[PDB]
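A structural walkthrough
Each chain is listed here by its residues.
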Amino acid sequence: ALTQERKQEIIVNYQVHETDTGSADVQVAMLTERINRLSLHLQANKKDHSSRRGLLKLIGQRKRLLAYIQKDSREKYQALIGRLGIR
Amino acid sequence: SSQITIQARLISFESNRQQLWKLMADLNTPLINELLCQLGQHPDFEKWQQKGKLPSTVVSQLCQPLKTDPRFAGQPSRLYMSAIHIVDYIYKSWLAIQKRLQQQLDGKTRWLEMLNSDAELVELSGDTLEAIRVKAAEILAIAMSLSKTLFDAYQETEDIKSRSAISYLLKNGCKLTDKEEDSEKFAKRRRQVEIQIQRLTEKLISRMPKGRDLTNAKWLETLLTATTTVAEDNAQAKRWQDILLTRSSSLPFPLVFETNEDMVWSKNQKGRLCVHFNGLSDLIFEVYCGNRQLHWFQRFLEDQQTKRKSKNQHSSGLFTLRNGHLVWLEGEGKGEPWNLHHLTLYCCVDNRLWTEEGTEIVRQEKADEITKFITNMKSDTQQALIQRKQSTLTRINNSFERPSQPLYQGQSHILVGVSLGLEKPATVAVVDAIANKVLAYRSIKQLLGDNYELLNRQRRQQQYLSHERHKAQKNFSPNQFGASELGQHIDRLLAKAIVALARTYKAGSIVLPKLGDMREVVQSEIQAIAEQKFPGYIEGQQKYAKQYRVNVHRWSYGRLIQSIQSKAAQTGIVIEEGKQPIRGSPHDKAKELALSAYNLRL
Amino acid sequence: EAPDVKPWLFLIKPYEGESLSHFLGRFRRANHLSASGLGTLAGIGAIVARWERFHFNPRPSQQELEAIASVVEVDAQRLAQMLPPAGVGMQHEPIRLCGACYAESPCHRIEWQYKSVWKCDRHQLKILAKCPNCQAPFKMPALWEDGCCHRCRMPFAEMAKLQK
RNA sequence: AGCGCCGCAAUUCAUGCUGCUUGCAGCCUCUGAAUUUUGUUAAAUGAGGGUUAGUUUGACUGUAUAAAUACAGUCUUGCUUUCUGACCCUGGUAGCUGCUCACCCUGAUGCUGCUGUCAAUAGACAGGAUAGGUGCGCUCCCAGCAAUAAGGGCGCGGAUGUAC
Ligand SMILES: [Mg+2]
Ligand SMILES: [Zn+2]
Ligand SMILES: [Zn+2]
């Protein structure tokens, strides 16, 4: 689970502006935090198929959002994935 | 069916178990995986599928350069040989499956072409129905194997009248019929064949044998990829998911010892039977078995000692032990795998080799087969093969002095027919065939006797355990179980009851039905009905008769047939195959099954 | 009988880019047919209700388009033009609308569902994926009887000025 | 209600019984078959989870016998399963982590259903397979919930180029 402080820090860091809470860039940043933590869990917990179910959802959610961003703008898309460290 | 398996736990100190586990998991199973990969890429692979046969030596040839590859080099000679046998039998299995499926697809595709309705047969013959009926009466009078003979007659007879007459004659089960064709029952029967062709076509897209990766390196690298990389499209992400859901293989492939003397038996000073394997004699394993099997493991030592006392003038061709499989059974709980899992030896024996009379049966079977071989076989190593065969043929004459038990004698005119059904798994009729009289019926309830309550237990547990799995799946709970072992128990109880009744009436044989593939018949029948009832509504079609289709997929007619065949062979009762009639009750089906198998003796 | 009458049905002319879902909906309304009714009339059964949602596993086959081309007098080649051409990826769920096209021709265009389409080149407008006044998503094109948003009743022709 | 199972009762009957004439004719106690009712103080079934290298189901030899098997002697090991008993539980302490939920309607193979102290709210303590309904059981039915089946409705905020 994700703390409100880490959540709000993600919001502030990826916001387009101070009241943006839901742009696709903020959404993929939130999902990237979740995917990173859950990958570390599943590397240690291969039999946690319940948690693995969540990963496949989260990876798909981010895949759809990044594909949406990429055809709004490749400049914003490339900058965003570079910040998040996604190849 | 005189080959059976007996098993024992193998016990040894930890360093022996660890060394064997590492040989199996780190070298032998990776070698098997590599052989499966290379064999599936071989340029002759596509012609092996057409022959349905693997070359006798191609796995051995592929393994030779791998025996000194740093990935695989550390193994005894018999472990390489075991890996070869594993891989060779896998493809012998898989190529035989694909070959038969292809023949089924070709056979039914021809039938779909020659299945024409009388409205179509009128046009395609150019003759009135009475005219083709007469021509079918002539062609039947010549073809008098009848089915195959008509299928032979069809192909090269390009004369559309005779060709249509054969089509009409085959539509009716190789016979004349006066009655009119019900056009909707024909259209349904045509549709069944299309579904069967489609389902055969889909089954022929089987995967190549997948192997056992025990490291699961592909899973972890895919996890790192899918979490840090953008998927190029949906199909890459789907392939990632398909890998991430794939479950890890825990256990290596077992070892196979096709030379019975590669298991060397001994008794330790604490009096326990012990075994070691060729190439691993430093690892002594202690035999821990039930007394109900101990007499076999004692026999393995006595057979070994007999041939040593005779300075190898006996043949191991008559050793009661045939081969061994060395298996790790999955342990519950946690530990290092050589501690967690339990090492188990499975020995094939031929039950006839227990007695002296049965050994004489095997000796003649061996002698005839080897005398045939030596005559037909006639290089230096091929001449050495002849000399080994001639040594076997000489040495099988030396007796092991085994227990004498006179062979079963059954009356040729007394048969037991066993009717198999979805509702009543077995029903038997003892028939005196020259008298044409039933000596005894038994129902399923009389066969099970006091065990009959197990049959309601099975139905009740199959319902209950399916529903508990359904509930557990939604929670991702691992606690998913089923009644397969109870079902196996019931089929073995029935098999013993049937054979005991056969012995009691001195039946010469047990008659079993040629059911064919009941599941593909039922599945294509129900689909053809459902497509009429739910046109354009696939989920309605799949809901239709769902529980009947499930019941037919659970019907264990093969396991019951196999259990009967094994028990009859262990008492020397002949098994015969007959055709079960569709008419009548299970009792009448069993009687007419028995009597038809008697009349089919030619 | 009426003498010298040929057995007949109410027809509709398909518009130049009209989607199959929109077209079948008009044909059904012109004949007060339920979605199940047209499928029974063509004999393909429940498939029509599936096509009207753009659920195209499998795609409309040659057999079924030729079957529908028996009750609808539009030929199957023209019915295939109501669908994505081969290999053009389409999305069924987000139903989309240009509005400025709807003021010129009251049909849903199948190209508004293509994964490659986002602007109307004719109008130079970003096509809508929900009602711009009240954010309600558009219903399946078979159900566009009123030509307006089902929630706030704004006509699709007025949503033209709420684009791009 | 429906469906499955269980026994009960009844009819017919042969795989049952009776007989001399050994292939037929009676009968329905026994042992079974064909599914026909019925739920009764009946007789049968009965599914919360877990617990033994558990016992019996063996091998050989002699003797007996119509097989079936039986008796006596010697040997014996612990494997993989199916039941019947008996017993124990309703769990604990730290971590990691999925899914679900603005709100409303409908209600799914959804969830929950025992006893008795106490107890207005809240559940705790002590019992315990007697665990909602029928003879027993269900995904059915009853009662409460239902966000974690599907759908539908409809808020403000972000976003609005198809992602949400
Ligand atoms: Mg989408
Ligand atoms: Zn436009
Ligand atoms: Zn609106």
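Residues numbered from 1 in each chain as written, not as in the entry; some residues may be left out. Chains lettered and ligands numbered in written order. Part of a larger assembly, values for the part shown. Heavy atoms only, no water.

Taking the PDB entry as the reference, chain C is identified by name as TniQ belonging to Scytonema hofmannii. Under its PDB record, the entry appears with the title "Conformational Landscape of the Type V-K CRISPR-associated TransposonIntegration Assembly CAST V-K composite map".

Going by what the PDB entry lists, chain B is known as ShCas12k and is assigned to Scytonema hofmannii.

1. Topic: the sheet that holds strand β1 (residues 3-11) of chain B
The pairing of strands in a sheet comes from backbone hydrogen bonds and takes either a parallel or an antiparallel form. All names here are of chain B. Stated precisely, the cut-off is as follows: Whether two strands pair depends on DSSP finding at least two bridges between them. Starting at the N terminus, helices and strands are each numbered in turn, a helix being any DSSP run of H or I of at least four residues and a strand any DSSP run of E of at least two. A fitted line through C-alpha atoms represents every axis, and for helices the fit uses only the stretch in contact; the resulting angles, taken between N-to-C directions, go from 0 to 180 degrees. Contact definition: two residues touch when any of their heavy atoms are within 4.5 Å.
Here seven strands make up an open sheet; going across it, the order is β2-β6-β7-β1-β5-β4-β3 and the pairing antiparallel. Taken across any chain shown, the strands that pair with only one partner, and hence form the sheet edges, are β2 (255-257) and β3 (263-267). Neighbour to neighbour, the strand axes of the sheet diverge by 35 degrees on average, direction disregarded. Pairing analysis gives eight bridges linking strand β6 (residues 321-329) to strand β7 (residues 342-350), with the strands arranged antiparallel. Pairing of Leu326 across the sheet is with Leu345, part of β7. Against the sheet, helix α1 (residues 14-39) touches β2, β5 (285-288), β6 and β7, its axis set at about 90 degrees to β6. Set on the sheet, helix α12 (residues 291-309) makes contact with β1, β3, β4 (273-277), β5, β6 and β7; between it and β3 the angle comes to about 100 degrees.

2. Examining the protein's contact with RNA strand D
Applied cut-off: Think of it this way: one heavy atom of a residue within 4 Å of a molecule or strand is enough to make that residue near it. Any N or O atom pair separated by 3.5 Å or less is treated as a polar contact, with the protein-specific requirement of one donor-capable and one acceptor-capable atom, and with residues adjacent in sequence counted only for side-chain atom pairs. Following the grouping adopted for this structure description, the nonpolar residues are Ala, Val, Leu, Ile, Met, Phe, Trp, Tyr, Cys and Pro, the charged ones are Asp, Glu, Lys and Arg, and the polar ones are all others, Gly among them.
As a matter of local geometry, RNA strand D sits amid 75 residues, with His17(A), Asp20(A), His41(A), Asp72(A) and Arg457(B) nearest to it. What you see for RNA strand D is that sugar and phosphate hold 62% of its atoms within 4 Å of the protein. With respect to RNA strand D, the side chain of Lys130(C) contributes an N or O atom lying 2.9 Å from a base nitrogen. Looking at the surface near RNA strand D, the element that brings in the most residues is helix α17 (residues 453-474) of chain B, giving ten residues. Taken together, the residues of the surface near RNA strand D sort by class into 21 nonpolar, 28 polar and 26 charged.

3. Describing the packing of aromatic side chains
Counted only if it meets this: The pairing test for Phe, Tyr and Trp rings, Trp by its six-membered ring, is centres within 6.5 Å, and the orientation test on the planes gives stacked under 30 degrees, edge-to-face over 60, and tilted for anything in between. Burial classes: relative accessible area under 20% of the type maximum marks a residue as buried, over 50% as exposed, and values in between as partly exposed (1.4 Å probe, protein chains only). As a reminder, the over-ring test applies to NZ of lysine and CZ of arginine, requiring each to be within 6 Å of the ring centre and within 35 degrees of the ring normal.
For the structure on display, the rule yields 23 aromatic pairs over all chains. Ring centres of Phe45(B) and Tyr91(B) lie 6.2 Å apart, and the angle between their planes is 75 degrees; on these two criteria the pair is classed as edge-to-face. Of the two residues, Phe45(B) is situated in helix α2 (residues 45-51) and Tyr91(B) in helix α4 (residues 77-114); the sequence distance between them amounts to 46 residues. The buried category is assigned to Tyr91(B), whose relative accessible area is 1%. On the basis of an interplanar angle of 65 degrees and a centroid distance of 6.0 Å, the ring pair of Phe54(C) and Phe56(C) is categorised as edge-to-face. Overall, the relative accessible area of 13% leaves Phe56(C) in the buried class. By the ring-pair criterion, three or more aromatic residues cluster together here, those being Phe45(B), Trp48(B), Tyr91(B) and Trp94(B). Here the basic side chain of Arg299(B) rests over the ring of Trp354(B), its NZ or CZ set 4.0 Å away from the ring centre.

4. Regarding a positive patch on the surface
All names here are of chain B. Stated precisely, the cut-off is as follows: Patches here are clusters of residues that have more than 30% relative accessible area and form no salt bridge, with a 9 Å joining cutoff for like charges and a 5 Å cutoff for nonpolar side chains (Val, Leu, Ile, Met, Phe, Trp, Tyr). Per-residue and other accessible areas follow the Shrake-Rupley method at a 1.4 Å probe size, with only the shown protein chains counted as cover for residues. The working definition used for a salt bridge is a side-chain nitrogen of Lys or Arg within 4 Å of a carboxyl oxygen of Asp or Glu. Charge counting treats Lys and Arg as positive and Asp and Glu as negative, with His and both chain ends excluded. By convention, the point assigned to a charge is CZ for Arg, NZ for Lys, CD for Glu and CG for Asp.
Residues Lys424, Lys445, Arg457, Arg459 and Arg460 make up a contiguous surface patch of positive charge. With three residues, α17 is the largest single contributor of residues to the positive patch. Here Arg459 is to be found in helix α17. Classification of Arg459 as partly exposed rests on a relative accessible area of 49%.

5. What about a nonpolar patch on the surface?
Residues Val5(C), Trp8(C) and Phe10(C) make up a contiguous nonpolar surface patch of about 360 Å² in total accessible area. Examined against the element boundaries, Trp8(C) turns out to sit in the segment before α1 (20-30).

6. Observations regarding the coordination of the zinc ion (ligand 3)
Residues and elements named next belong to chain C. Counted only if it meets this: The donor set covers N, O and S atoms within 2.8 Å of the metal, switching to 3.2 Å for Na, K and Ca, and it leaves out water, so a site may look short of donors.
Coordination sphere of the zinc ion (ligand 3), protein contribution only: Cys131 (SG), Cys134 (SG), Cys149 (SG) and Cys152 (SG), at 2.3 Å. Counting residues between consecutive donors of the zinc ion (ligand 3) along the chain gives the motif C-x2-C-x14-C-x2-C. Of this pair, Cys134 sits in the segment after β2 (125-126) while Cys152 is found in the segment after β2, placing the two residues 18 residues apart along the sequence. With relative accessibility at 28%, the residue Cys152 sits in the partly exposed group.

7. Regarding the pattern of salt bridges
Under the counting rule described, the total for this entry stands at 34 salt bridges over all chains. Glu9(A) is the salt-bridge partner of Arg6(A), the closest N and O atoms lying 2.6 Å from each other. Of this pair, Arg6(A) and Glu9(A) both sit in helix α1 (residues 4-14), three residues apart, roughly one helical turn. Taking relative accessible area as the criterion, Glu9(A) reaches 47% and is therefore assigned partly exposed. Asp303(B) serves as the salt-bridge partner of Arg402(B), at 3.0 Å between the closest nitrogen and oxygen. Here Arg402(B) and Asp303(B) have matching classes, each one buried. One continuous salt-bridge network, built from bridges that share partners, spans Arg6(A), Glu9(A), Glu33(A) and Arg37(A).

8. Things to note about the packing of helix α2 (residues 24-44) of chain A against helix α10 (residues 217-228) of chain B
How two helices pack is summed up by the angle between their axes together with the distance between the axes. Convention followed: Just so you know how the angles are binned, under 35 degrees is roughly parallel, over 145 roughly antiparallel, 65 to 115 roughly perpendicular, and the rest oblique.
Look at α2(A) against α10(B): their axes get within 10 Å of each other, and the N-to-C directions meet at 175 degrees. Judged by the angle between their axes, α2(A) and α10(B) are roughly antiparallel. Residues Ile35(A), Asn36(A), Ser39(A), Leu42(A) and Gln43(A) of α2(A) touch α10(B), and the partners they reach there are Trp219(B), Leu220(B), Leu223(B), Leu224(B) and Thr227(B). Split into classes, the residues belonging to the contact of α2(A) with α10(B) amount to six nonpolar, four polar and no charged.

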